[PDB]
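As structure tokens, one chain now follows by itself in the form deposited without its partner chain.
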């Protein structure tokens, strides 16, 4: 009857995974109370005229539990693989940590590469703090290149803070899961 797809979100601690789920889940109508933990959390989305049940799994809190975390991977239909645009170190962990893991436990599962916190790219305090480490915010082309490099289905940027791009992240994930 209903189409259910399992979505798992991964990426470094504090890169915006939980906030991204919260903003998406709060967008749903009728309005529902949204918790701060997501484990098989069912969200109903309509994409291209089709009703889909997305079962959301957040790995926040598990980023350094290398043996516990992969227990969430079986029968995943789509991966949101996140980094934060205010953290080049988070982007470097995409090929170095997250991609090998996800490809191992989720073979042939489509990956959406997601750059979070896009509102920080041109933020004065963010630039100043990063410059102390000889870094700067991630550029869009660096995100697009990484997405090609890891064989992502697509690349999206979003901000949980402004909500820009959030809907589109989940529409893209849903299409990927269906196809």
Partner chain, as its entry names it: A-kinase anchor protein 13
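Positions refer to the first chain, counted from 1. Here, rigid core means the biggest group of C-alpha atoms that superpose within 1.5 Å across both forms.
- The stretch 29-37 shows the higher mean C-alpha B-factor when 29-37 is compared against 108-116 in the entry.
- In this entry, 1-9 shows the higher mean Cα temperature factor of the pair 169-177 and 1-9.
- Per the deposited coordinates, the residue with the largest Cα temperature factor out of 68, 147, 60, 55 is 68.
- Ranked by C-alpha B-factor against the other modelled residues of its chain, residue 152 falls in the middle third.
- Among all modelled residues in its chain, residue 18 ranks in the lowest third by Cα B-factor.
- Sort the modelled residues of the chain by CA B factor and residue 47 lands in the middle third.
There is another form of the same protein, the form solved in complex with its partner chain; it is not shown, and what comes next is about it.
- Taking the partner from the other structure, its partner chain in the bound PDB entry has a heavy atom within 4.5 Å of a heavy atom of residue 26.
- In the bound PDB entry, its partner chain sits within 4.5 Å of a heavy atom belonging to residue 35.
- Contact check for residue 6: a non-hydrogen atom falls within 4.5 Å of its partner chain in the bound PDB entry.
- Not displayed here, its partner chain is kept clear of residue 119 by more than 4.5 Å at the level of heavy atoms in the bound PDB entry.
- Exactly one listed residue, out of 136, 123, 39, 142, brings a non-hydrogen atom to within 4.5 Å of its partner chain in the bound PDB entry: 39.
- Residues 65, 66, 67, 68, 71, 72, 74, 75 are the ones in 64-79 with at least one heavy atom within 4.5 Å of its partner chain in the bound PDB entry, listed in sequence order.
- Once the core is superposed between this form and the one not shown, every option in 61, 70, 140, 35 stays below 2 Å in C-alpha shift except 35.
- Relative to the shown form, the CA atoms of residue 159 and residue 29 are brought 3 Å or more closer together in the bound PDB entry.
- In the bound PDB entry, the separation between the C-alpha atoms of residue 161 and residue 32 shrinks by 3 Å or more relative to the displayed form.
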